[PDB]
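Quick setup: the structure tokens below cover two forms of a single protein chain, split into structure 1 and structure 2.
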Structure 1
């Protein structure tokens, strides 16, 4: 793995929790990780989770929340029929997009996930190959 990046025993993870003043939104966090050649960290098994936890330990970043690459995201007819026709007014539909939800990691031994407004300022975790 790159310059000190949690080595999955596969994937490399790196925490980013410098200060509460430079926390980013999910989108910014994702741009930051992508500009590095990777992306926001994805957790696909217990192993990957232990790794991030060791990183949290090794750095003393207990209890901090981190953005993970978790993201959520059309209209259907109730009766089941297919949407073979549309007559939306200009710009419609549009409400189903004023808010989006993303998943954050609770940095304690439970290592649990919670979804929240993708616009919250948070620490984040990247993953490079």
Structure 2
């Protein structure tokens, strides 16, 4: 009753999803794509990664670009109260990168990528 819990969805290519497909999946089970709003949540997700041996994997988070006057937003509506972008990111590479992915290594860094790319994902509930 006092927290959301996180769950990794590491998938082979035949079951990977776009950002929107991943958001729809997490919402259909009663949650949303995961937001990382502070260092505590970052640590919780890193611990899940260490527990699963799911090392060096990339995962969709709930980061998505809104209108120009909103900038990057979290799908769950939470504030962008913490940022852990990789160096130079977000860079909107070739003008087509509007969704955020986690690099699931010890840096736990974020990168904007094309929303239609197939990826693993993380839900919260």
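Numbering follows the first chain given and starts at 1. Between two forms, the rigid core is defined as the largest C-alpha subset superposing within 1.5 Å. Shifts are known only where both forms have a C-alpha.
- The rigid-core alignment places the CA of residue 58 less than 2 Å apart between structure 1 and structure 2.
- Superposition on the rigid core between structure 1 and structure 2 places the CA atom of residue 47 less than 2 Å from its counterpart.
- In the core-superposed comparison between structure 1 and structure 2, residue 93 has its Cα shifted by at least 2 Å.
- The rigid core superposition between structure 1 and structure 2 gives a CA shift for residue 105 of 0.1 Å.
- After superposition on the rigid core, the Cα atom of residue 19 is displaced by 1.8 Å between structure 1 and structure 2.
- Here is what shifts between structure 1 and structure 2 when you lay the two on the core: just one run of at least 3 residues, every Cα off by 2 Å or more, at 74-100.
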